[PDB]
Amino acid sequence: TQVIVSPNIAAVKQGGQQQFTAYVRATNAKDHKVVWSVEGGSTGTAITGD
Amino acid sequence: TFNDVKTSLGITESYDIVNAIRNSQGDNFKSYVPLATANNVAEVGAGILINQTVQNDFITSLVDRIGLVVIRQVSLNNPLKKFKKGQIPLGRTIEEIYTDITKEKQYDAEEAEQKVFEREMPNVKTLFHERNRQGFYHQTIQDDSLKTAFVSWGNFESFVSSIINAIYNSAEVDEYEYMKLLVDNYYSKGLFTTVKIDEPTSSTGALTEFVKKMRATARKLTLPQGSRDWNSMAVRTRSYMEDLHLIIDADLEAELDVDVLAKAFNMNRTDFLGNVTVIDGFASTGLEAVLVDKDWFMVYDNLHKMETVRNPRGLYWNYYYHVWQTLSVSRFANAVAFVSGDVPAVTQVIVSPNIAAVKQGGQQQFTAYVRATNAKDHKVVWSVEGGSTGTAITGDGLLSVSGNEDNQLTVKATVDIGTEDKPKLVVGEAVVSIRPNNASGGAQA
Amino acid sequence: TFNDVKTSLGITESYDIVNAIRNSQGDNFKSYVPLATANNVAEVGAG
Amino acid sequence: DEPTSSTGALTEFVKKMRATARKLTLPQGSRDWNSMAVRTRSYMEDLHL
């Protein structure tokens, strides 16, 4: 029903990096794949998954 | 320092409350039609994640000014703190020694001529608990940059104080959560004595299906002759019923409390035996609850140090909170796993002395207990790893160390649940080393 | 007298709780990701 | 029947034992209930379920 990406706000240095984590609201007894993405970046600036 | 923030950030509308429905109802949402500002509430009523400088409605270029700051604050506690056995200063490992019973011999006077000084060593299991957890908690308080975000002395000390308790709640949560790993570890390893609770082989009327099993198996742990089959070492231990602690899912306590305890004229005949501690439920799949002795937990403290340092160039404090612990689990204590979902047939195979020092040309008897759910009596295949042509094991686990080895052997007890696949082998193992023998050299016959 | 041995001795395990913790970013295990020393608890703690 | 089958087979098992324990601990005992068919009797404090 909801995916909660946890920190919700980052002020990352140019060049530096940041850890994110996503809480998935499974309403049933399963596990669901998370796909991470970054839109609006330059050439580079990727999120690795995870 | 933001822009273009949509106000619908993490929002997955399962339905749009307005445009799908309230404008178009003819139905159950009719009680919201006489409200007129229902669309202003449906826009920003669930909270707003990112603040926006909203100008005033009547006078633009007047900023709308946050006008109440509440500071939420919670204190977390470890419910499992009563499973700790104190502090270990000056030492790293723990030695846990358990002698158990032996097998009787038949009275025979003819064989007693040569066996008066025959030496039959006791069955002793030993168990070592290393210091595991050595971690610290890191926390900065820039006292000077935070005075920006407050205009009240009073919200500034009600925010600095929460970062203090943020350390003391972080430590107490992982102290809850490390001890909850030891259950999910021990089950993953196959070391829990699996008992199904949600397989009612009976007819209808199985509301108390789990209560009759968790009061029988709770009684079986306390029979004065003891039992072999509740430890992961397969030793004949015993519980005294005052030390039986039952860490239970919160989903499962209400199954007891509703389906059993109401409509119970005599609740002492249907309470769970032993002390009951509710957790939220375990990480493991199908694992509902776990019944253990008080001795099953080998949790110990080593440090609790709060240190601090000041940075004069960054105008801040670091806070370091070191918690060092010895987080361990007695394999000698009874520990029963009340599980629900479908399980393997064999969860553990226990090879009996677990270690040995057998001289070249000597021999050693081995026994494999098989922790099996429903008793298909799985056949055991013995094996030796790391030997030469000489050393072999046969039949009911009788090792024959060759005269020509010096290698540290691995004795296996292979049980195959599986079928035409990459099959399911349940292999228990033991370690045999070898003393050298001056066995007169050369050749024979 | 014993000179080299693994510490997972004898243990035949259903699921491995190192790949259960790390390789499930989904659910049921995310409470154990913020543990720092979870390797030396999960691969020792049984004894 | 089988004392796991239903809650009726549980109850009937509770019926047959309070019946049998009374039959044992009647005075004027029976030649039933032992393997020599001795007319013995028993006492309630002596019965052990």
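For neighbour counting, all protein chains shown are included, and Cβ atoms are generated from backbone atoms with ideal geometry for every residue, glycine included. All of the numbers you see were taken from the coordinates with simple rules; none came from a lab.
Tabulated results
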{"read-out": "Within region B:362-375, considering residues that are of a type outside the set (S, T, N, Q) and under 28 Å from the mean Cα position of the chain (by Cα), the one surrounded by the fewest Cβ atoms within 10 Å (Cβ to Cβ)", "value": "B:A375"}
{"read-out": "Hits in region B:408-426 (condition: assigned to a loop (DSSP other than H, G, I, E, B), over 26 Å from the mean Cα position of the chain (by Cα) and either aromatic (F, W, Y) or surrounded by 15 or more Cβ atoms within 10 Å (Cβ to Cβ) (or both))", "value": "B:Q408"}
{"read-out": "Counted residues, region B:119-144 - those being of a type in the set (A, V, I, L, M, F, W, C) and within 7 Å of chain C (Cβ to nearest Cβ)", "value": "2"}
{"read-out": "Lone unmet requirement of (1) within 14 Å of another protein chain (Cβ to nearest Cβ); (2) in a loop (DSSP other than H, G, I, E, B) for B:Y240", "value": "(1)"}
{"read-out": "Residue tally, condition among the polar types (S, T, N, Q), within 25 Å of B:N185 (Cβ to Cβ) and more than 9 Å from every other protein chain (Cβ to nearest Cβ), over region B:326-361", "value": "4"}
{"read-out": "Leading residue by the ranking (surrounded by the fewest Cβ atoms within 10 Å (Cβ to Cβ)) among those in region B:99-117 that are outside any loop (DSSP other than H, G, I, E, B) and free of Cβ contacts under 8 Å to residues at least 24 places away in the same chain", "value": "B:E113"}
{"read-out": "Number of the exception - C:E43 against (1) within 7 Å of another protein chain (Cβ to nearest Cβ); (2) crowded, with 17+ Cβ neighbours inside 10 Å", "value": "(1)"}
{"read-out": "Among the residues listed as B:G274, B:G286, the single one being on the phi > 0 side of the Ramachandran plot, of a type outside the set (D, E) and surrounded by 19 or more Cβ atoms within 10 Å (Cβ to Cβ)", "value": "B:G274"}
{"read-out": "B:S158 touching a residue at least 24 places away in the same chain (Cβ under 8 Å), more than 28 Å from B:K82 (Cβ to Cβ) and either facing chain C (nearest Cβ under 10 Å) or more than 19 Å from the chain's Cα centre (by Cα) (or both)", "value": "yes"}
{"read-out": "Residue list for region B:425-445, filter: of a type outside the set (A, V, I, L, M), over 22 Å from B:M233 (Cα atoms) and within 12 Å of chain C (Cβ to nearest Cβ)", "value": "B:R435, B:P436"}
{"read-out": "Among residues of region B:245-278, those that are touching an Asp or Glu at 6+ places or on another chain (Cβ under 7 Å) and either in a loop (DSSP other than H, G, I, E, B) or over 17 Å from B:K213 (Cα atoms) (or both), counted", "value": "3"}
{"read-out": "Single match in B:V70, B:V18 (criterion: over 30 Å from B:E172 (Cα atoms) and either outside any loop (DSSP other than H, G, I, E, B) or within 42 Å of the chain's Cα centre (by Cα) (or both))", "value": "B:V18"}
{"read-out": "Selected residue (criterion: farthest from B:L303 (Cα to Cα)) from residues of region B:118-137 that are part of a strand (DSSP E or B) and without any contact (Cβ under 8 Å) to a residue 60 or more places away in the chain", "value": "B:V124"}
{"read-out": "Those residues of region C:23-47 which are closer than 21 Å to B:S330 by Cβ and assigned to a loop (DSSP other than H, G, I, E, B), in sequence order", "value": "C:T37, C:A38, C:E43, C:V44, C:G45, C:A46, C:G47"}
{"read-out": "Qualifying residue in region A:19-36 (condition: polar (S, T, N, Q), more than 12 Å from chain C (Cβ to nearest Cβ), under 24 Å from B:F2 (Cα atoms) and without any contact (Cβ under 8 Å) to a residue 40 or more places away in the chain)", "value": "no"}
{"read-out": "Selection count where residues are out of contact with any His (no Cβ under 6 Å at 6 or more places or on another chain) and farther than 30 Å from B:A356 by Cβ, scope region B:120-152", "value": "19"}
{"read-out": "Residue match in region B:323-341 (condition: within 24 Å of C:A42 (Cβ to Cβ), loosely packed, with under 15 Cβ neighbours inside 10 Å and under 34 Å from the mean Cα position of the chain (by Cα))", "value": "yes"}
{"read-out": "Residue in region B:184-197 that is surrounded by fewer than 17 Cβ atoms within 10 Å (Cβ to Cβ), more than 14 Å from chain C (Cβ to nearest Cβ) and of a type in the set (V, I, T) present", "value": "no"}
{"read-out": "Unmet criterion (only one of (1) closer than 30 Å to B:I279 by Cα; (2) among the charged types (D, E, K, R); (3) loosely packed, with under 12 Cβ neighbours inside 10 Å) for B:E96", "value": "(3)"}
